[PDB]
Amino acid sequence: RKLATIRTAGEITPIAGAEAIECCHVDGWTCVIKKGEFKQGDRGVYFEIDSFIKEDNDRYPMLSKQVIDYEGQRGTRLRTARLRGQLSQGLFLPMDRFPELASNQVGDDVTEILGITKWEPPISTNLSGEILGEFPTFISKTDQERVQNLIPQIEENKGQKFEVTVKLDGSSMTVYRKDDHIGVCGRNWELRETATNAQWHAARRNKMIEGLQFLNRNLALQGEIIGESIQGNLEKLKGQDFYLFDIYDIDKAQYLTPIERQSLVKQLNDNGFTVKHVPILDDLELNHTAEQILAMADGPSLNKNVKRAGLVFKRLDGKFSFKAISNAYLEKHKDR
């Protein structure tokens, strides 16, 4: 959760026909600034899209007309915008607006000291349930870092191969076995089985609980539940369903590699537990800029008549992964 970090102004490029602003590159992001607010190499606090910034017209007067009520507080949600034809994401403010950060270094996470919180879309009806417990501390959650935030790592991984999957727009769902317990989790909690709980229903329907009893291993099956009344049902499914994208090895505290995961999926298939998988595209040998990766994000989703939310890249050893969200998708879906 690094919503607000100290970053470096990259290339600064004019915005044709708008002399009072210019375009500022910050890592893989592009962001509109007041002309002369920065020059290349200056440091500033960068606030990512999905940041929620509490109302304050002394420090954030550029946000005044966009204040909303959210989770009981007045503040502004930073979102993708289109300025003079120019794609703008985030807020970039010079260090001298933050006297309390005078001692800080480039790259520092200042999210807590600045009080920034995360905006998120409302959760869907039957995906909140009765909670049975914490999300298990022995299972990794499924968050992915954005390619825009991975400029050095993208170049450090030149030559490496990644599994490329379609990023489905649903909700994260984890089904797991640890010794004598099998549980079903949403994104942040473990859930009780009820007749009305969507996650449990998808787990029973595809027999993945039976499949985990078959495999007899401490594994977390991690995937996206999508379909009707889930986040606008982009794929236009009937009903709801689970699509696997990861298997976490609980005992070894690590994810299965894509080839390990594909074998384990094939064996579940071959034994009558057909777990579906997020769409898998051609493996990609990485030799790209973040801009080029982002240019691949748009395209066909699971439903090939709809434009997907983006891509997720998983290195073949399973130990480096990131997401490339489609900016066309973010312009089309203002609730994202």
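Numbering starts at 1 and follows the sequence shown.
Participant: Looking only at CA atoms, which has the higher mean B factor in the entry: 231 to 239 or 218 to 226?
Facilitator: The stretch with the larger average C-alpha B-factor is 231 to 239.
Participant: Tell me which of 308 to 316 and 11 to 19 has the higher mean C-alpha B-factor in the deposited entry.
Facilitator: Stretch with the greater average CA B-factor: 11 to 19.
Participant: Highest Cα temperature factor in the entry, among the options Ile247, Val147, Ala202, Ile259: which one is it?
Facilitator: The record points to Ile259.
Participant: Sort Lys167, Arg177, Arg187, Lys266 by C-alpha B-factor from the entry and give me just the highest.
Facilitator: Max CA B-factor in the entry, restricted to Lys167, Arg177, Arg187, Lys266: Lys266.
Participant: Check where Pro136 lands among this chain's C-alpha B-factors and tell me if it's the lowest, middle or highest third.
Facilitator: For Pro136, the deposited C-alpha B-factor lands in the middle third.
Participant: Quick check on the deposited entry: does the C-alpha B-factor of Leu93 sit in the lowest, middle or highest third of its chain?
Facilitator: Bottom third by C-alpha B-factor.
Participant: Quick one: classify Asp298 as lowest, middle or highest third of the chain based on its Cα B-factor.
Facilitator: Middle third.
Participant: Split the chain's modelled residues into thirds by Cα B-factor; is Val45 in the lowest, middle or highest one?
Facilitator: Ranked within chain, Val45 CA B lands in the lowest tercile.
Participant: Split the chain's modelled residues into thirds by Cα B-factor; is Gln73 in the lowest, middle or highest one?
Facilitator: It falls in the top third of the chain.
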